[PDB]
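Trainee: Got a structure here, written out as C-alpha cells. Questions coming.
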Amino acid sequence: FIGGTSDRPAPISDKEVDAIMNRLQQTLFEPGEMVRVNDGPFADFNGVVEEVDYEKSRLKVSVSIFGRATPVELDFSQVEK
Amino acid sequence: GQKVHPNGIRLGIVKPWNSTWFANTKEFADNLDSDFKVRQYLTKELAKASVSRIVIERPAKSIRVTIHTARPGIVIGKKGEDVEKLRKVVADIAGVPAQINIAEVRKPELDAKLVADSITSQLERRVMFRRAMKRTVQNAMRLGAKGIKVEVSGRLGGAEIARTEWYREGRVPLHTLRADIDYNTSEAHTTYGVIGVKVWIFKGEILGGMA
Ligand SMILES: [Mg+2]
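For the record, the sequence lines run as chains Z and D. Throughout the first sequence, residue numbering follows the entry's author numbering, covering 92 to 117, 126 to 180 in sequence. Just remember that the entry's author numbering sits 1 ahead of the position in the second sequence, which is counted from 1.
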C-alpha cells in the first residue's frame, strides 16, 4: 500500500472516495496547421492541412508524394496534434 | 488556298506540345494565362539570346520553364546569375515557385524559328530580301536539311504594292503527316510596314511516330 508508514498504511479520505466515485459515475484541425497522421500506410508523415472536411467528420491534408505532392484525404482519426 | 498549320496538324503524331501539364476546368484557363504572360516576358527579355522554344511544364505547385536557345552562355551569364534573375521573376509572374532549364539547339540553321528570326533581323537591318532568303536556304541545305522553304511577303524593299516571294530546295511534303516539318514564322517591322516570313524545314520522316 501507499501510506505514511509501512506498519500502518493509511486510507485516502472521506471526500476522496466520493470524488473518485463521482468521476467514475460521471480539437479542431485549423487550416494551415502542420500535422502527422495516426494510422494507415501514410501513418506518421509530415503533412500540412490543405482544406477542411469538417461536416464530414473527415480531413484532407497535403503530403509529399512522388513530386506530385497529391491532395490527400484522411479520416478524422488520422490527426496528431 | 489556305493551308493548315503544319505543326498544328502534326501535333500528337510526330510533334510534341510546347505546354505539357494537366489541370481541371477550375484552373486550366489560369494556367494558360500565366503561360502566356511568362512566355511573353521571357521572349522579350531574351530577344537577343536566340531563344528557339519555351517549353512550360507545371509539376505539382511549381513551374519548370525550359528555354531552347542557340546561345546558352548569354542566357546563363557568369555563374548562373542571369538564369537566377530570370527564375526569380518567372516565379513572380507564375505565383508558384519556378525553375529554369536551358537546352542548346546544336545547329540553329535547321531551326525554323531561328532562321525566321535571322531573316527578319536582316530585313529590318536593311538587306536585300532575295539575298537574305537565298543565303538561309543555302546554309540550311549545307547543314543538312532534307528540305527547306522560305516565304517573304509584303512591300519588299519599300515597294508600294505588296508582293509574295518564296524559295524552296529539296522536298517539303506538307500533306504527309508522318513527315517532320518544323515550321515557324516571324514579322519584320520596317519603315514601310510589316513583312511576314514563313519558314518550313523538312528534316526526315518518322515511322514509329513516338508522338
Ligand atoms: Mg481550310
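For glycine and all other residues, C-beta sits at the position ideal for the given N, C-alpha and C.
Which residue's Cα is closest to the Cα of residue 59 (chain D): D:36, D:53, D:16 and D:175?
Mentor: For residue 59 (chain D), the nearest C-alpha among the options comes from D:36.
Trainee: Taking buried to mean at least 16 other C-beta atoms within 10 Å of its own C-beta, is residue 122 (chain Z) buried or exposed?
Mentor: Any structural detail on residue 122 (chain Z) is unavailable, because chain Z resumes at 126 straight after 117.
Trainee: Contact criterion: CB-CB distance below 9 Å. Does residue 166 (chain Z) meet it with respect to chain D?
Mentor: It does: the Cβ of residue 166 (chain Z) has a partner Cβ on chain D nearer than 9 Å.
Trainee: With distance defined between alpha-carbon atoms, name the residue in D:106, D:34, D:80 and D:139 nearest to residue 52 (chain D).
Mentor: For the residues D:106, D:34, D:80 and D:139, the minimum Cα distance to residue 52 (chain D) belongs to D:106.
Trainee: By a C-beta neighbour count over all protein chains shown, 10 Å radius and 16 as the cutoff for buried, is residue 110 (chain D) buried or exposed?
Mentor: It is buried - the Cβ of residue 110 (chain D) has at least 16 other Cβ atoms within 10 Å.
Trainee: Relative to the C-alpha of residue 94 (chain D), which candidate in D:212, D:34 and D:20 has its C-alpha closest?
Mentor: When each option's Cα is compared against that of residue 94 (chain D), the closest is D:34.
Trainee: Looking at the secondary structure, which residues open and close the beta strand (DSSP E) in which residue 145 (chain Z) lies?
Mentor: 145-150 is the span of the beta strand (DSSP E), which, as asked, contains residue 145 (chain Z).
Trainee: Quick one: does the C-beta of residue 100 (chain D) sit closer than 8 Å to a heavy atom of ligand 1?
Mentor: Checking every heavy atom of ligand 1 against the Cβ of residue 100 (chain D), none is found closer than 8 Å.
Trainee: Looking at the secondary structure, which residues open and close the alpha helix (DSSP H) in which residue 42 (chain D) lies?
Mentor: That run of the alpha helix (DSSP H) goes 29-46.
Trainee: With hydrogens ignored, establish whether the beta-carbon of residue 9 (chain D) is closer than 8 Å to any heavy atom of ligand 1.
Mentor: For ligand 1, not one heavy atom lies less than 8 Å from the Cβ of residue 9 (chain D).
Trainee: Leaving out five residues before and five after residue 43 (chain D) in sequence, what residues of the same chain have Cβ atoms less than 8 Å from its Cβ?
Mentor: Excluding positions up to five away in sequence, the list reads 52, 55, 66, 68, 87 and 91.
Trainee: Using the rule of at least 16 other Cβ atoms within 10 Å of the residue's Cβ for burial, across every protein chain shown, is residue 185 (chain D) buried or exposed?
Mentor: Its Cβ being crowded by 16 or more others within 10 Å, residue 185 (chain D) is buried.
Trainee: I'd like the ranges of any beta strand (DSSP E) spanning at least 3 consecutive residues and lying wholly in the region 45-86 of chain D.
Mentor: Runs found: 52-58 and 64-70.
Trainee: Please indicate yes or no: does the CB of residue 151 (chain D) lie closer than 8 Å to some heavy atom of ligand 1?
Mentor: For ligand 1, not one heavy atom lies less than 8 Å from the Cβ of residue 151 (chain D).
Trainee: Quick one: residues in its chain with C-beta nearer than 7 Å to the C-beta of residue 12 (chain D), no 5 flanking neighbours on either side, listed in chain order?
Mentor: These residues qualify, in order along the chain: 18.
Trainee: List, in chain order, every chain Z residue whose beta-carbon is nearer than 7 Å to that of residue 61 (chain D).
Mentor: Those are 166, 167 and 168, listed as they occur along chain Z.
Trainee: Cβ of residue 41 (chain D) versus every heavy atom of ligand 1: is any distance shorter than 8 Å?
Mentor: Checking every heavy atom of ligand 1 against the Cβ of residue 41 (chain D), none is found closer than 8 Å.
Trainee: I'd like to confirm the pairing. Which residues does DSSP put opposite residue 187 (chain D) in its beta bridges?
Mentor: In the DSSP output, where bridge partners are listed per residue, residue 187 (chain D) has D:198.
Trainee: Shortest alpha-carbon distance to residue 164 (chain D) belongs to which of D:152, D:171, D:172 and D:175?
Mentor: Cα-wise, what sits closest to residue 164 (chain D) is D:152.
Trainee: Got a sec? Which residues, its chain only, sit under 6 Å from residue 172 (chain Z) by beta carbon, not counting five neighbours each side?
Mentor: Excluding sequence neighbours, residue 172 (chain Z) sits near 159.
Trainee: So, is residue 203 (chain D) buried or exposed, given that buried needs 16 or more other C-beta atoms within 10 angstroms?
Mentor: Under this definition residue 203 (chain D) is a buried residue.
Trainee: Return helix, strand or coil for residue 16 (chain D), following the three-state DSSP convention.
Mentor: Residue 16 (chain D): strand per DSSP, three-state reduction.
Trainee: In the DSSP assignment, find the alpha helix (DSSP H) that holds residue 109 (chain Z) and state where it starts and stops.
Mentor: Segment 105-116, the alpha helix (DSSP H) holding residue 109 (chain Z).
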